Structures are given as structure tokens and as C-alpha cells.
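Shown here is one chain on its own, the form deposited in one PDB entry, set out as C-alpha cells.
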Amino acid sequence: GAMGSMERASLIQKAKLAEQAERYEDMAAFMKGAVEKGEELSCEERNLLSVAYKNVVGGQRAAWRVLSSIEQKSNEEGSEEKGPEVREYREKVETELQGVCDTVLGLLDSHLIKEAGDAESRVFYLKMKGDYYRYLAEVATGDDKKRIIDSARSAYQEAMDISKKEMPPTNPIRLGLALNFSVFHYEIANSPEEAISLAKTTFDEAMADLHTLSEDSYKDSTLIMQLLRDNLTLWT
């Protein structure tokens, strides 16, 4: 890999610089290089990995949605034929998005997840695995769509089981996991009632644990609780 000659610490330092410069493709490449050094990642390093790829795939998803919408309208009754260009370019973006998801999933499988023993790291990585299978599911149309969905579900489910056993209901990773699994139910699995129930139970169990927290931890937890509430308001 092109980062093989750079020190781990220098890759981490440059990932932080790239974040400040809003150079998220660079940030992801630096963090990929850091992961490939083979050592476990610290809490801060895991955050850098997730932020980097969130922003890269986020640009691709937003572009894919724009193009998909244009493509669907071109398939409307009365739309003038414009040739293969819209489909071709949507396919190009889609292929690049799938490639980014495959890269992230490959880092998790080789070998972040298997080396992650603490609940905080293992849940973090399993949530990521669910997230990137979910992004694959958003664009999937063929004979593996069901298997992609089930892969997202299984990763999220293993993460939920660990987080319920090992983390308090206000833990921000536990909360963001439940939030995203709820989005999976609503947007991917066609299970809006499951989505609503999970978001409500997660919110209520967190509210009841807030009294145990410091002011700073309270701020961290209530921020993600507000996102659960925002979804519930949209969905009900």
C-alpha cells in the first residue's frame, strides 16, 4: 500500500491535519494506512477512521441519490430519450461507492473486529459493519440484495446484544448504534414499527439513566437522544 513507508504516528497526525483541511479522501487513506500497520486502534483513532469514511461515502451517497433521481425521471411516461449517459454515470458513482464500502468492510474483517475484545471497540466496529452493509443495501438491486440486508442486520444485532450486556443505556456508541439500526429498520428492512419501537425504548431507557452522568457526559448523551426524538417526530 502507498502508506506502507509512513510511520503509524505520522499517518495519525496527517489524518488529523486532513480533517482540519476538510480533505476527507486523504484522511481516509491515512487512516487505512494506520489500520494496515496491524496494531489495535485507540478510541480517538477509531473516531478518526469513522469520520473519514463517513464523509467520503457521504459525498458518494448524496451524488448517487441525485443521479438516481434524474435516472428515474428519465424513465417516466413522456420523458424524451437521452441515451445511456445518465445510467452510465450513476453506475460509475455506484461502483466507486461500493468500492469504498468494500474497503471499509475489508479493514473490519482484516483484522479489526477479530482483535477487538473490549465492548467499546467491538461494538464500535460491528456498528460500522452494519452501517457500510446498509450503504451497500441502499444501492443494491440484484440477487444478493437480501444477503446484503441480512449482513447489515446480523452485524447490528451482534452489536446490540453486546451493548445491552456491557454498556449503560446512555453510552453514546450504544445510542448511535440503536439510532442507526432503527434507520436500517425504517429505510432498508421495510419495518417502520420496529424502527419506532427501538427508537422509543432506546430514548426512554437513556432518559432514566441521565441522572448518573456528569455534565459533560450528559451533553454527549442528550445530543444523540435528540436525534432519536427527531426521527420519531418524522415517523409518527
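From 1 onward, residues are counted along the sequence shown. What we label the rigid core is the largest C-alpha set whose atoms superpose within 1.5 Å from one form to the other.
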Does a third or more of the other compared entries skip modelling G99? no
Quick one: is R153 left out in at least a third of the other entries we compared? no
Quick check on the record: does 186-194 or 43-51 carry the larger mean Cα temperature factor? 186-194
Would you mind comparing 112-120 and 86-94 for me and telling me which has the higher average C-alpha temperature factor in the entry? 112-120
Per the entry's Cα B factor values, which of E158, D131, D144, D102 stands out as the maximum? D144
Ranking the modelled residues of this chain by C-alpha B-factor as given in the entry, is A137 in the lowest, middle or highest third? lowest
Going by the entry, which third of its chain does the Cα temperature factor of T233 land in? highest
Classify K200 as lowest, middle or highest third according to the C-alpha B-factor given in the PDB entry, relative to its own chain. highest
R23: which third of its chain by C-alpha temperature factor? lowest
Is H211 in the lowest, middle or highest third of its chain when residues are ranked by C-alpha B-factor? middle
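The protein also exists as the form deposited in another entry; that form is not presented, and the subsequent description refers to it.
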Quick one: once the rigid core is lined up, does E22 have its C-alpha move by 2 Å or more between this form and the one not shown? no
Core-superposed C-alpha of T212 shifting 2 Å or more between this form and the one not shown: yes
